[PDB]
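Read through the structure below, which is laid out as structure tokens, and then see the notes.
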Amino acid sequence: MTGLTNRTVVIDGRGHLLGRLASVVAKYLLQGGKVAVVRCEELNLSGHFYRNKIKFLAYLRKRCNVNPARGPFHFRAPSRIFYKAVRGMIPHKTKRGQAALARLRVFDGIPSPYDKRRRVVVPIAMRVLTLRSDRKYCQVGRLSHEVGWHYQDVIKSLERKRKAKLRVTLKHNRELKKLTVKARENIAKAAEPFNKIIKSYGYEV
Amino acid sequence: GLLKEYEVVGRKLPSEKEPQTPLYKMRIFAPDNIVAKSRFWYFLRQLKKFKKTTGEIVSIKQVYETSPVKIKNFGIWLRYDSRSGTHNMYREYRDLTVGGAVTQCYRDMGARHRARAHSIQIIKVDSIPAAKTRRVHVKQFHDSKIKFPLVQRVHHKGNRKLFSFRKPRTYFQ
Amino acid sequence: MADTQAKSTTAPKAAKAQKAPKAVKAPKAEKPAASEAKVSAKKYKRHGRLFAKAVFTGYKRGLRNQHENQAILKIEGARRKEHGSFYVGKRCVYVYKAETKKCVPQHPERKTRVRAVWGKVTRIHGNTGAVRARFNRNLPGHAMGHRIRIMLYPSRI
Amino acid sequence: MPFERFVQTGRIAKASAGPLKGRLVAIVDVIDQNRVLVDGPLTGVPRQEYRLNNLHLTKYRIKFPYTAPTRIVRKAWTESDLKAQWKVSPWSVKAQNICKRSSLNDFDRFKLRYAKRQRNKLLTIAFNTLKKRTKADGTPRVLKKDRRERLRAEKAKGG
Amino acid sequence: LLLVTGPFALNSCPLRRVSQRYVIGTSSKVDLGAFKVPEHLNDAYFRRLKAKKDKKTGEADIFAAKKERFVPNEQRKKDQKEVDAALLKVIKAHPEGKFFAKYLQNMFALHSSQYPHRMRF
RNA sequence: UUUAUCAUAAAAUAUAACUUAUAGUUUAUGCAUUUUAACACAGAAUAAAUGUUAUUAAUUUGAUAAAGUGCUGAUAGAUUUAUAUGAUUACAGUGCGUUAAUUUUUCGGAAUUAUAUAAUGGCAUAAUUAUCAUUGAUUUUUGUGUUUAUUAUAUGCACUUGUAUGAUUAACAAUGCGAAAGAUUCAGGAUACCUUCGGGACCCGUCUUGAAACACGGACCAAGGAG
RNA sequence: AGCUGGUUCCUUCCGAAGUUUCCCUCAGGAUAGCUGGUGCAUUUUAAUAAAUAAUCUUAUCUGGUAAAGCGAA
RNA sequence: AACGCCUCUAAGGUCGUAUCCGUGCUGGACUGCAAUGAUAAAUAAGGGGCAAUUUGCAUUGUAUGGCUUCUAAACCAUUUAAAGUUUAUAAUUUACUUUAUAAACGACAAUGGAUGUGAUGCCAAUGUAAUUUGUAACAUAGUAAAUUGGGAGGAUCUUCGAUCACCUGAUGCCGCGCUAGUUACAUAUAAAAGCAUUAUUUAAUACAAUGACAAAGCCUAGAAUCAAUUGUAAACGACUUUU
């Protein structure tokens with residue numbers, strides 16, 4: 001909320017490339033922009049489904065033999081995979097970096113109060129713009145389930161439930177928006193306090 | 001890499017007893033007046049001995065593209081050096097510029113063959129009039145009635161907002 | 001075209017208001033005959049006016065030489081080197097919070113639970129409109145992603 | 001082919017990058033994939049080739065004699081009344097608007113915001129009986145239905 | 001340095017002097033021909049009558065608080081009111097909003113998402 | 001190259017009679033209409049569309065070089081013991097008392113023109129000397145004539161918060177405050193040490209090519225203790 | 001004891017060598033070379049060059065490597 | 001398809017390992033997190049609790065010169081680079097879904113801050129402010145303050161799931177506010193000495209949280225651990241049982 005600019009930027013993880021998004025977000029956290037990233041299952045990473053699957057499998061091979069519980073956390077969730085990507089790009093070994101990680105929140109499948117919130121696009125992160133035509137790409141949530149993410153099934157139901165609440169709110173919003181524009185338009189010409197400011201603005205709104 | 005075309009002439013030293021060593025010239029593609037001379041000796045050496053500083057430069061002069069708005073097809077004939085493997089090319093480039101053709105050449109040669117700017121030798125320049133363009137890619141441009149689709153676009157990043165709330169929006173209709 | 005640039009460059013100075021010279025159009029647009037001499041830019045972000053919303057998010061450093069006597073300051077509205085050049089000269093302040101008073105009468109009397117560190121802006125750091133700043137104290141770097149504040153005093157015309 | 005934009009002869013292009021910037025131009029000849037010969041004599045950009053990465057292509061297509069030197073382009077452009085269509089063009093009026101969104105010396109800015117609150121009252125004040133939702137009501141009255149007829153007709157009333 | 005008046009009666013700014021550097025000089029011009037001009041207001045005029053260190057005279061072992069900023073003086077009021085009146089006549093010609101007449105009152109907005117750099121003030 | 005214009009080839013891009021089709025539709029498997037990045041340099045013709053020769057345009061266009069021509073912003077610095085035993089001198093402005101004429105403001109004033117001397121460039125002429133080649137140019141030197149412009153000298157004395165005087169920071173101003181002892185307030189500080197942030201810091205002594213070494217002595221401290 | 005270990009305050013300025021030769025020498029010396037210090041004599045290389053030192057160039061010598069040769073020894 | 005063709009491959013697409021990864025199996029994030037219970041101390045006392053509170057007063061953040069701010073409504077649902085955002089007429093649907101006709105922002109410039117998209121702000125304030133403006137008219141557009149009951153609904157690490165809504169009906173009457181436009185009447189702030197006003201650089205106020213001295217306004221009356229005890233447990237703590 002209260003920020004240098006907005007302390008909460010809800011970012012749509014849909015059609016963002018994973019490292020492109022992670023790097024721009026890392027900058028924003030260091031700048032104090034405190035961002036929340038939602039729908040990390042809709043997050044994409046370039047390189048075929050299969051190519052990603054094998055890349056991600058290579059780390060679980062990495063295992064601290066003596067006590068593997070000291071050893072590398074192979075974070076299943078797409079939200080936590082996003083989180084690992086950002087965390088590596090930040091100096092997380094410093095106390096400054098701890099502050100910056102705390103500024104970051106990462107959710108798969110947009111919950112709580114974030115759904116009546118607008119998911120902002122970061123256009124550098126956009127896969128469709130940056131990625132070349134006819135290049136096969138992976139979706140992170142597909143990759144996640146292969147490496148053992150339990151909750152692929154779970155989020156898909158929770159997302160559908162959310163989409164449905166998000167549908168009814170949209171429908172009423174569009175109905176309301178019609179009736180707001182007519183209520184300006186009909187009073188506008190009928191004296192002049194709307195003719196004065198709109199046409200002295202006269203730009204293109 | 002700045003592709004400027006230069007006329008360089010060089011005689012081979014000057015004795016009063018010994019008349020008027022013969023005057024050779026070349027067109028040289030160089031960003032540089034010095035690179036114009038530098039290449040000039042190297043190519044001059046290939047026919048006619050003439051080491052600088054038993055070598056006389058003469059005059060270094062830049063030549064004047066005749067038609068830079070002019071819409072012409074050039075064939076350039078080219079020699080390159082590969083690692084085990086020096087070979088010859090003919091390629092044809094559609095450019096404003098004989099300068100622009102060569103600059104697009106060093107880039108293209110660089111790319112495909114791994115084409116060293118030092119490993120490339122120019123050869124010859126002619127402007128192709130008229131259906132002597134072997135050039136399958138080139139001859140597509142010559143075609144009556146040349147209308148062509150704009151394929152795709154290019155998304156300035158983002159915006160004048162780093163924050164683009166108006167979503168690009170790959171659509172465009 | 002070097003001549004044409006010279007003729008084109010007379011025109012915006014003419015418009016400013018004055019010294020009274022050249023007109024040779026330039027658009028500000030209806031114009032009777034001009035979409036000619038170009039649509040701005042632009043390159044933004046905001047505040048602006050007590051305070052450019054500014055970020056102390058760094059010190060001017062070598063790769064690993066901290067060099068804090070000058071700081072990098074990102075002015076929000078300045079994308080470009082041109083825009084940040086507007087801010088070259090301006091006085092800066094970082095106002096920040098303290099548990100404990102300190103300072104009694106000279107000007108106002110500040111209850112110094114609110115502390116201010118005063119600085120000036122200098123030259124243009126950024127390819128992307130970050131600016132250098134010197135401060136009289138220098139900012140502790142606990143200020144990082146903290147909002148620092150740049151008043152538009154000293155503005156030249 | 002629905003029709004995406006053609007790099008065609010005369011499909012026009014408003015070239016962003018240049019000393020041209022924001023001038024409307026017409027494609028003379030198709031050079032190479034990277035470039036097009038472009039001439040906009042009524043927007044007063046002189047004849048040049050320019051890269052298709054510097055210019056992005058318009059909707060507007062006018063039957064053009066493709067290979068035309070400046071004089072015949074200038075003759076074909078005012079025959080098209082191309083400039084006039086380009087002023088109607090509401091997205092170019094929107095492009096002329098960002099040349100006005102520039103400054104509007106701050107005096108003019110609080111015109112908007114003082115007086116926006118004139119309209120901002122009147123919205124909430126017009127609001128609340130269609131069908132949709134429900135919609136209602138049979139108050140509970142003597143001020144509330146006389147406030148609903150205080151849209152409508154507007155005699156006699158309250159309360 | 002500059003002589004500045006709001007006009008006083010509108011935007012609460014006195015016959016007040018301020019640095020050339022404090023100021024962004026906006027394109028908006030009020031016809032300055034009607035004025036009595038600060039030929040009459042000189043360095044000395046607003047120079048303070050007086051920060052004595054105390055009760056006029058001469059060494060009376062004094063007391064905490066004279067009037068370093070504040071009475072105010074009648075001569076200074078009269079000077080404002082005449083100048084401001086002529087300001088108001090010229091200033092009323094221009095339409096309401098941020099800063100000439102009822103235009104004057106409002107307190108400036110480069111509103112969030114607005115730009116001190118491309119404001120060609 | 002390009003504008004503007006002329007001739008020729010020539011319309012090889014487009015325009016242009018007309019010939020044909022799909023198809024919405026229409027008429028009755030086919031037609032007629034029209035639309036079609038679906039037809040045909042298809043006829044004469046047109047825009048010279050491109051090429052070539054000619055002429056050009058505020059002569060373009062590119063490049064490079066040059067004028068303190070005029071000018072703005074920002075940054076850091078500003079030893080100033082200038083008599084410890086060393087300089088303060090130089091110039092400029094302004095006033096003074098030569099005149100006239102024209103012009104501008106139109107008040108106060110200001111400029112340019114009207115002298116002698118010296119130098120310099122530009123014109124013409126002549127000689128030398130070197131040089132590219134002699135059609136004609138360029139060079140170094142010298143003299144002479146003509147006219148013109150430019151610059152310096154003939155511009156002294158008084159006064160001057162004027163410019164510099166070779167590290168020229170101060171006009172001007174505000175504020176704190178030395179307020180007897182007492183003692184407020186302001187500024188400034190990696191003292192010890194605490195805190196908060198960044199960055200850097202591997203264990204010394206030593207032999208050794210190289211020591212943080214998985215090389216060796218040294219737990220820690222005091223005092224004796226060796227060119 | 002030619003070996004190992006250690007050798008006790010600081011700052012300023014300059015600043016090495018692991019090479020030569022001989023040695024029962026080869027874990028070391030002497031010796032020459034490199035190093036500093038102390039100065040001395042003269043500065044046209046000095047106090048308010050027509051004398052050089054040593055690097056280019058030039059002019060004048062040398063050489064059996066690279067390359068070449070084997071229908072040259 | 002490339003290569004008229006043809007072909008497991010270029011694009012797209014199917015099955016497929018004792019593999020891999022889950023299910024499962026094992027430690028259980030020491031305090032990562034959820035749910036729920038009792039929530040004391042007992043009265044000559046008071047203690048805690050709702051305290052989110054409410055008062056003197058205090059602390060701290062916000063905005064910091066009203067405010068020179070701010071925003072948990074909010075541009076889809078996607079294969080995706082001809083991929084595509086829509087409107088309307090004719091049909092169609094639960095679905096900006098599906099079909100035909102006509103257009104349209106033809107990844108242009110536009111657009112990317114704001115349509116502040118339930119049309120925010122910085123407005124209210126007719127003097128907009130480190131005072132608040134107060135008080136008169138006209139005509140147009142036109143505003144609303146309160147309470148209770150009933151029926152159904154919502155909650156993914158979230159600032160009170162014995163909580164907050166919506167709708168529908170009923171009750172009456174404080175008339176508490178009125179706003180914008182134009183226009184009347186009056187005035188404190190504002191004259192912050194200062195001609196250099198930024199410099200040591202403010203706070204009346206506004207909003208949000210926290211506090212608690214004595215006092216004030218509501219509610220409620222636990223257990224844990226040790227001793228002693230079990231053996232299902234064990235080197236000792238601990239575990240499991242106990243009165």
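So you can find residues: chains in the structure tokens are A, B, ... in the order shown, residues in each start at 1, and ligands are numbered from 1 in order.
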
Taking only C-alpha atoms into account and nothing else, which residues of chain B lie no more than 12 Å away from chain E? Please answer as a list in words.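 Result: residues 160, 161, 162 and 163 of chain B.
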
With a distance cut-off of 9 Å and only C-alpha atoms (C1' of nucleotides), select the neighbouring residues of residue 95 (chain C), excluding the residue or stretch itself and same-chain residues fewer than 5 positions from it, and output the selection as number ranges by chain. C: 114-118, 147-149

Generate a file of the selected residues that holds N, CA and C atoms, formatted as a compact mmCIF listing (two decimals), in the first residue's frame.
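The resulting file, result_16.txt, is shown below:
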# COMPACT_ATOMS: atom_id res chain seq x y z
N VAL C 114 12.38 13.92 14.61
CA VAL C 114 12.31 13.97 13.17
C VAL C 114 13.68 14.55 12.93
N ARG C 115 14.54 13.89 12.09
CA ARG C 115 15.84 14.37 11.78
C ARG C 115 15.83 14.51 10.30
N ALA C 116 16.64 15.44 9.82
CA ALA C 116 16.78 15.80 8.43
C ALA C 116 18.26 15.86 8.15
N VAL C 117 18.69 15.32 7.00
CA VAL C 117 20.08 15.37 6.50
C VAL C 117 19.98 16.07 5.16
N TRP C 118 20.75 17.18 4.96
CA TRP C 118 20.54 18.02 3.82
C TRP C 118 21.68 17.91 2.86
N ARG C 147 12.74 6.18 1.04
CA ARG C 147 12.38 7.26 0.19
C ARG C 147 13.13 8.47 0.65
N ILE C 148 13.94 9.02 -0.25
CA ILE C 148 14.59 10.31 -0.01
C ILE C 148 14.00 11.29 -0.96
N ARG C 149 14.16 12.59 -0.59
CA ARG C 149 13.25 13.65 -0.87
C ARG C 149 14.03 14.85 -1.48

Hey, what's within 8 Å of region 28-30 of chain E if we count only C-alpha atoms (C1' of nucleotides) and toss same-chain stuff fewer than 4 positions away? As a PyMOL selection string, please? (chain D and resi 105) or (chain E and resi 90-91)

As a PyMOL selection string, list the residues of chain B assigned to strand (DSSP E) by DSSP on the backbone atoms of this structure. chain B and resi 4-10+24-30+59-62+72-82+85-95+120-128

Which chain A residues have any atom within 9 Å of an atom of chain C, and for each, what is the nearest pair of atoms with distance in Å to one decimal, counting only C-alpha atoms, rows sorted by chain and number, as JSON lines?
{"residue": "A:3", "atom": "CA", "partner": "C:147", "partner_atom": "CA", "distance": 8.3}
{"residue": "A:4", "atom": "CA", "partner": "C:147", "partner_atom": "CA", "distance": 6.1}
{"residue": "A:5", "atom": "CA", "partner": "C:53", "partner_atom": "CA", "distance": 8.2}
{"residue": "A:28", "atom": "CA", "partner": "C:145", "partner_atom": "CA", "distance": 8.8}
{"residue": "A:29", "atom": "CA", "partner": "C:145", "partner_atom": "CA", "distance": 7.7}
{"residue": "A:30", "atom": "CA", "partner": "C:145", "partner_atom": "CA", "distance": 5.9}
{"residue": "A:31", "atom": "CA", "partner": "C:145", "partner_atom": "CA", "distance": 4.2}
{"residue": "A:32", "atom": "CA", "partner": "C:145", "partner_atom": "CA", "distance": 4.2}
{"residue": "A:33", "atom": "CA", "partner": "C:145", "partner_atom": "CA", "distance": 7.8}
{"residue": "A:96", "atom": "CA", "partner": "C:144", "partner_atom": "CA", "distance": 8.5}

Could those residues be written to a file, using N, CA, C and O atoms, as a PDB file, in the first residue's frame?
ATOM      1  N   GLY A   3       3.809   3.673  -0.134  1.00  0.00           N
ATOM      2  CA  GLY A   3       5.061   3.433  -0.753  1.00  0.00           C
ATOM      3  C   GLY A   3       5.651   4.558  -1.580  1.00  0.00           C
ATOM      4  O   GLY A   3       5.079   5.612  -1.807  1.00  0.00           O
ATOM      5  N   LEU A   4       6.918   4.258  -1.982  1.00  0.00           N
ATOM      6  CA  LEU A   4       7.737   4.876  -2.996  1.00  0.00           C
ATOM      7  C   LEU A   4       7.518   4.060  -4.274  1.00  0.00           C
ATOM      8  O   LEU A   4       8.482   3.818  -5.017  1.00  0.00           O
ATOM      9  N   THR A   5       6.300   3.557  -4.586  1.00  0.00           N
ATOM     10  CA  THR A   5       5.181   4.301  -5.061  1.00  0.00           C
ATOM     11  C   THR A   5       4.023   3.625  -4.426  1.00  0.00           C
ATOM     12  O   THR A   5       3.267   4.181  -3.648  1.00  0.00           O
ATOM     13  N   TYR A  28      13.412  -4.238  -7.902  1.00  0.00           N
ATOM     14  CA  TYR A  28      12.326  -3.568  -7.262  1.00  0.00           C
ATOM     15  C   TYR A  28      12.358  -3.715  -5.762  1.00  0.00           C
ATOM     16  O   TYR A  28      12.113  -2.721  -5.082  1.00  0.00           O
ATOM     17  N   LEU A  29      12.690  -4.919  -5.221  1.00  0.00           N
ATOM     18  CA  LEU A  29      12.826  -5.135  -3.813  1.00  0.00           C
ATOM     19  C   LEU A  29      13.927  -4.356  -3.188  1.00  0.00           C
ATOM     20  O   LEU A  29      13.689  -3.799  -2.140  1.00  0.00           O
ATOM     21  N   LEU A  30      15.127  -4.241  -3.873  1.00  0.00           N
ATOM     22  CA  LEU A  30      16.279  -3.464  -3.462  1.00  0.00           C
ATOM     23  C   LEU A  30      15.962  -1.984  -3.436  1.00  0.00           C
ATOM     24  O   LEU A  30      16.473  -1.239  -2.634  1.00  0.00           O
ATOM     25  N   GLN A  31      15.054  -1.553  -4.351  1.00  0.00           N
ATOM     26  CA  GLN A  31      14.562  -0.146  -4.501  1.00  0.00           C
ATOM     27  C   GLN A  31      13.486   0.172  -3.480  1.00  0.00           C
ATOM     28  O   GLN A  31      13.253   1.334  -3.148  1.00  0.00           O
ATOM     29  N   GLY A  32      12.893  -0.884  -2.844  1.00  0.00           N
ATOM     30  CA  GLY A  32      11.894  -0.770  -1.838  1.00  0.00           C
ATOM     31  C   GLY A  32      10.498  -0.811  -2.353  1.00  0.00           C
ATOM     32  O   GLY A  32       9.687  -0.138  -1.764  1.00  0.00           O
ATOM     33  N   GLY A  33      10.194  -1.525  -3.466  1.00  0.00           N
ATOM     34  CA  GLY A  33       8.927  -1.591  -4.100  1.00  0.00           C
ATOM     35  C   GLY A  33       8.059  -2.719  -3.642  1.00  0.00           C
ATOM     36  O   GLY A  33       6.897  -2.749  -4.040  1.00  0.00           O
ATOM     37  N   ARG A  96      20.889  -7.026   4.561  1.00  0.00           N
ATOM     38  CA  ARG A  96      20.169  -6.212   3.605  1.00  0.00           C
ATOM     39  C   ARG A  96      19.315  -7.107   2.788  1.00  0.00           C
ATOM     40  O   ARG A  96      18.164  -6.782   2.516  1.00  0.00           O
TER      41      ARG A  96
END

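You can rank D:133, D:5, D:117, D:23 by their closest distance to chain C using only C-alpha atoms, and at the top of that list sits D:23.
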
Please identify all residues of chain E having at least one atom at most 7 Å from any atom of chain H, considering only C-alpha atoms (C1' of nucleotides), and return them as a VMD selection string. chain E and resid 10 12 14 16 to 18 43 46 to 48 69 72 76 to 77 105 to 106 108 to 109 113

Using C-alpha atoms, can you write the selected residues to a file as a PDB file, in the first residue's frame?
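That gives us part-v7.pdb:
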ATOM      1  CA  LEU E  10      -5.676  35.170  -2.103  1.00  0.00           C
ATOM      2  CA  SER E  12      -1.539  34.123   1.754  1.00  0.00           C
ATOM      3  CA  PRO E  14       3.145  38.729   1.979  1.00  0.00           C
ATOM      4  CA  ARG E  16       8.149  38.790   0.836  1.00  0.00           C
ATOM      5  CA  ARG E  17      11.519  38.402  -0.748  1.00  0.00           C
ATOM      6  CA  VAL E  18      12.973  35.143  -1.858  1.00  0.00           C
ATOM      7  CA  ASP E  43      16.624  46.991   1.251  1.00  0.00           C
ATOM      8  CA  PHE E  46      11.843  45.942   5.492  1.00  0.00           C
ATOM      9  CA  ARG E  47      15.011  45.998   7.566  1.00  0.00           C
ATOM     10  CA  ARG E  48      13.776  45.563  11.084  1.00  0.00           C
ATOM     11  CA  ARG E  69       9.361  38.299  13.819  1.00  0.00           C
ATOM     12  CA  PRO E  72       2.785  43.809  12.918  1.00  0.00           C
ATOM     13  CA  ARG E  76       3.904  47.599   6.014  1.00  0.00           C
ATOM     14  CA  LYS E  77       0.130  46.805   5.986  1.00  0.00           C
ATOM     15  CA  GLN E 105      -5.777  29.692  -3.779  1.00  0.00           C
ATOM     16  CA  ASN E 106      -5.285  26.140  -4.475  1.00  0.00           C
ATOM     17  CA  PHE E 108       0.081  23.198  -6.355  1.00  0.00           C
ATOM     18  CA  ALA E 109      -0.315  19.595  -7.700  1.00  0.00           C
ATOM     19  CA  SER E 113       2.142  10.262 -12.024  1.00  0.00           C
TER      20      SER E 113
END

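Among the candidates C:16, C:61, C:42, C:107, the residue lying nearest to chain H is C:107 (atoms considered: only C-alpha atoms (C1' of nucleotides)).
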
I need the residue nearest chain D from this list: C:22, C:38, C:31, C:120. Use only C-alpha atoms for the distance.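 Smallest distance to chain D is found for C:38.
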
Looking at only C-alpha atoms (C1' of nucleotides), which of H:32, H:142, H:48, H:27 is the one that sits closest to chain D?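 Result for the nearest residue to chain D: H:142.
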
Using only C-alpha atoms (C1' of nucleotides), pick whichever of F:55, F:155, F:22, F:61 has the shortest atom-to-atom distance to chain D.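 Smallest distance to chain D is found for F:61.
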
Could you tell me which of F:144, F:60, F:120, F:20 comes closest to chain C if we count only C-alpha atoms (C1' of nucleotides)? F:60
